[PDB]
2 protein chains.
Amino acid sequence: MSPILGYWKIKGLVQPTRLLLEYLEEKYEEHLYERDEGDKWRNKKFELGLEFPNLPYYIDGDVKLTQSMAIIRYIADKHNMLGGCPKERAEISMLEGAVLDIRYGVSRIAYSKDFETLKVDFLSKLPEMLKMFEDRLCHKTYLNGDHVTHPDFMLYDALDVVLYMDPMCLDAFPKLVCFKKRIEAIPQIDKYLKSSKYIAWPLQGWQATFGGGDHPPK
Amino acid sequence: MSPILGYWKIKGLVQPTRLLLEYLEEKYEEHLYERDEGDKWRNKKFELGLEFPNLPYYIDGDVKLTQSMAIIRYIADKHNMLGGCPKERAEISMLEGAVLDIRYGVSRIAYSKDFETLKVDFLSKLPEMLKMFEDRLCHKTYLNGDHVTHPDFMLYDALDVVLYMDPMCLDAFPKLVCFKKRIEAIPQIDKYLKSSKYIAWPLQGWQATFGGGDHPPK
Ligand SMILES: O=C(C1CCCCC1)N1CC(=O)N2CCc3ccccc3[C@@H]2C1
């Protein structure tokens, strides 16, 4: 039957998996927990059969899985998108972790009261990270060529996210901008983003110092 | 010719890759940068041919690679250790990210002046993370059975590391303790740990609030 994807009803860790499932035109159900609903989760937490209980979880009946990167790589794996030979698979994994750099970087410093003096710091590093993708896309449509791999949706979510921190960070990175529009112009992604299903906010969990609330940026 | 592994001469991100190379009895050379030696790196940084310049890097001549997880998964991949089918590969990736939870968790909070009020926090979560591995090993020799996979050396390094934060954190987790002794009793790991090659400290980069210096714990 339909896979279950469970996470908080935020963007957070699972957003790229959602966009990949949407792109692959795959059926899945979600358990979203809303913010009053910790208790819900803590209960079910250990009755679900996960060996490493966590959120997000992905249950299949081939598979019960709890790490966001194990989940997105599995879905991709199931569709042959993962690699191809050690070299190609390493390519994709290096792209993966090159965008976690950016995205986990937001997250390190969201939740600090010190966010604001932290922010200024992390924005000095951003453009050097960005330039690396911009250079990558200087001759490709997608991160790995003419074909969407899972890290393209990781990068879309990173870009989506760092644009709330500093709406000007992609002036200067015109390929990166077009890449963004390009993902939004895939018709499954277009549909989904118009969907009742699309969770537009928060970026992180509701309590965080940036991306939280049910809000506005910074 | 021999692969090059470049990192700071600390344990840090690359320690599990080193132990895997050692276990697989593979030849590699390292470029270690010492602490006076930022400038060294920044120079070479962009003359090395890495598409995403970073440390650690791994150069092969099939491959120039810069994300620690892309590097260790490649070396493992090259030796067939990675997976086997989408399900098995997801198993290994979930174990991977279940131990980054612990290890990146140290790292989040090393480098803060607030480490000490941060420490107390993170130690409340540790035992719940630990219990998950302890339960996992309750019937296996290694994380995935009777055979070492790359996440076993990830877990060894995590354990090695959280033992400096709280030398008592594994009283209570006797399987975890034996797993540690068990990795140290593999003869390639035994040799290496006795080696001139073994970098015993620092755990993180020299400037960090825990695991830094050329030191003692906490
Ligand atoms: O614990 C982790 C793991 C959890 C398991 C799956 C892998 C990551 N973290 C979570 C986290 O918040 N950060 C802070 C930001 C950051 C930046 C660079 C490198 C690492 C990190 C870590 C990664």
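Residues numbered from 1 in each chain as written, not as in the entry; some residues may be left out. Chains lettered and ligands numbered in written order. Heavy atoms only, no water. Residues with missing side-chain atoms left out of burial classes, pairs and counts.

The record lists X-ray crystallography as the method behind this PDB entry and 2.6 Å as its resolution.

The PDB entry annotates chain A as GLUTATHIONE S-TRANSFERASE of Schistosoma japonicum. For this entry, the PDB record gives the title as "CRYSTAL STRUCTURES OF A SCHISTOSOMAL DRUG AND VACCINE TARGET: GLUTATHIONE S-TRANSFERASE FROM SCHISTOSOMA JAPONICA AND ITS COMPLEX WITH THE LEADING ANTISCHISTOSOMAL DRUG PRAZIQUANTEL". Heading Subunit of the UniProt record for chain A holds this comment: "Homodimer." Under the Sequence similarities heading, UniProt states for chain A: "Belongs to the GST superfamily. Mu family." (UniProt positions renumbered as here; feature names shortened; annotations may be inferred.)

S.K.: Looking at this model, I keep getting lost on the interface of chain A and chain B. Mind explaining?
M.R.: When the parts of a complex come together, some accessible area is lost, and that lost area is often taken as the interface size. Listed by partner, the interface residues are 38 residues for chain A and 38 residues for chain B. A combined buried area of about 3000 Å² lies between chain A and chain B, and 58% of that area is made up of carbon and sulfur atoms. On the surface where chain A and chain B come into contact, there are eight salt bridges. The partner of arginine 42 of chain B in a salt bridge is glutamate 128 of chain A, with the nearest N and O atoms 4.0 Å apart. The tally of links between chain A and chain B comes to 10 residue pairs in polar contact. Listed by contribution, the elements that provide at least two residues to the side of chain A that touches chain B are α2 (38–45), β4 (64–65), α3 (68–78), α4 (86–109) and α5 (115–136) of chain A. Its residues assigned to classes, the side of chain A that touches chain B comprises 14 nonpolar, six polar and 18 charged. (Contact = heavy atoms within 4.5 Å. Buried area = accessible area lost by both parts, 1.4 Å probe. Salt bridge = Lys/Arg side-chain N within 4 Å of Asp/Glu carboxyl O. Polar contact = N/O pair within 3.5 Å; in protein donor to acceptor, adjacent residues only side chain to side chain. Helix = DSSP H or I, 4+ residues; strand = E, 2+ residues; numbered from the N terminus. Nonpolar A, V, L, I, M, F, W, Y, C, P; charged D, E, K, R; others polar.)

S.K.: What exactly am I supposed to notice about the site of the ligand here?
M.R.: For the ligand, the full set of nearby residues is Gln67, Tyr104 and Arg108 of chain A together with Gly97, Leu100, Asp101, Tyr104, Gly105 and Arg108 of chain B. What surrounds the ligand is not a single chain but chains A and B. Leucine 100 of chain B is positioned such that a nitrogen or oxygen atom in its backbone is 3.0 Å from an oxygen atom of the ligand. In this structure, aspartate 101 of chain B approaches the ligand through a main-chain N or O atom, which is 3.5 Å from an oxygen atom. Bound to the protein, the ligand loses 75% of the 490 Å² it would expose on its own. Of all the secondary structure elements, the ones that give two or more residues to the shell around the ligand are α4 of chain A together with α4 (86–109) of chain B. Looking at which element gives the most residues to the shell around the ligand, the answer is α4 of chain B, with six residues. (Near = heavy atom within 4 Å. Areas by Shrake-Rupley, 256 points an atom, 1.4 Å probe, with all protein chains shown as cover.)

S.K.: Would you take a moment to explain the pairing of strand β1 (residues 4–8) of chain B for this structure?
M.R.: Remark: a regular strand shows side chains that alternate across the two faces of the sheet. All names here are of chain B. Bridge count for β1 against strand β2 (residues 29–33) is five bridges, and the pairing is parallel. Looking across to β2, one finds that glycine 6 is bridged to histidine 31. Tracing the backbone out of β1, into helix α1 (residues 15–23) and back to the parallel element β2 gives a crossover that is right-handed. Where β1 and strand β3 (residues 57–59) come together, three bridges link them in antiparallel fashion. The residue of β3 that forms the bridge with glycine 6 is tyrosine 57. (Pairing = 2+ DSSP bridges. Right-handed = clockwise from strand over helix to strand, strands pointing away.)

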